[PDB]
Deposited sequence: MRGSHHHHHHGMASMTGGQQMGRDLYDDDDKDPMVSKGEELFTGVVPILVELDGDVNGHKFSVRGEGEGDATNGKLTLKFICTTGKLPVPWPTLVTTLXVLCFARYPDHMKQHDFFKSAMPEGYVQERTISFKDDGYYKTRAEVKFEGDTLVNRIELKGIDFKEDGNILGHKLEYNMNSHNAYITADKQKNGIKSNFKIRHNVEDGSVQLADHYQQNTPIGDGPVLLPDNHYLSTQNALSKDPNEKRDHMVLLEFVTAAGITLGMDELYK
């Protein structure tokens, strides 16, 4: 059994640190805020600490803490992310932008003291310098999306693939194809889920008093997709 989910019954401080390198354009992002897994809510503010972000903020949303998803009571058995805590998990992605370059990300999500920390290394390769990404042609928003989760028993974790649709400023859509894999950091017991999905919504905004390049982010993540019998009504 895992008492990791007991770490998320209250409001939990969050720290996010990202080092990025896209086509040799280097940058760093630091975010801070708090997560409320009981409601599936994230409240975060991110700052590009190196000045100007060379990619659009929306393209980093998926990279910048699924342990804060709201799993309904009758799905708590399928919450891999909290089960790996406090030792945490590694989250790896390839994000392939269609007709453009790709991100490779490696993150460690784990508790450091009282704070849930997401520390990411990102490399971007083969981008067009005036594509939608390096050219900053994407709208500052984030459509709602459902990401299917499947067990990865042969790696003792989960995997997921899903397509993010970024609205382009001309009205077209930029597809970002995500392939994701998570594996625990510690040796403890983890829950391997049945197939299900996470339903995510986002609101991106700006802080009036912030002169630095930044993103204020509200996010909701709720698990769904596991059929509910009357046996769980008990």
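Missing C-alpha coordinates mark the following deposited-sequence intervals, in order: 1 to 34, 99, 270.
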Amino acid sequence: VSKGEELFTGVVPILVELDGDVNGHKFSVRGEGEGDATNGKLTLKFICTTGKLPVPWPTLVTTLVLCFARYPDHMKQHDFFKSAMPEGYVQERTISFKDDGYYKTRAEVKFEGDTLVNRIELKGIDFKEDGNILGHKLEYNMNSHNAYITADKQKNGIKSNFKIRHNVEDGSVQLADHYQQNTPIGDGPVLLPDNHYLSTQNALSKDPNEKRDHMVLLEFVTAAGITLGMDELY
From here on, numbers count along this sequence of modelled residues.
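For the two regions 132 to 140 and 147 to 155, the entry's Cα B-factors average higher over 147 to 155. Of the two segments, 29 to 37 and 171 to 179, the one listed with the higher mean B-factor is 171 to 179 (C-alpha atoms only).
When the Cα B-factors of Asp79, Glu92, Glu121, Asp99 are read from the PDB record, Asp99 comes out highest. Highest CA B-factor among the listed residues (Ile47, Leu42, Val190, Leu66): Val190. Annotation for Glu219: CA B-factor lies in the lowest third of the chain's modelled residues. Ranked by C-alpha B-factor against the other modelled residues of its chain, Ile164 falls in the lowest third. In the deposited entry, the Cα temperature factor of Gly24 sits in the middle third of values across the chain's modelled residues. Per the deposited record, the Cα B-factor of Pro184 falls in the middle third when ranked against the other modelled residues of its chain. When the modelled residues of the chain are ordered by their C-alpha B factor, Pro208 lands in the highest third.
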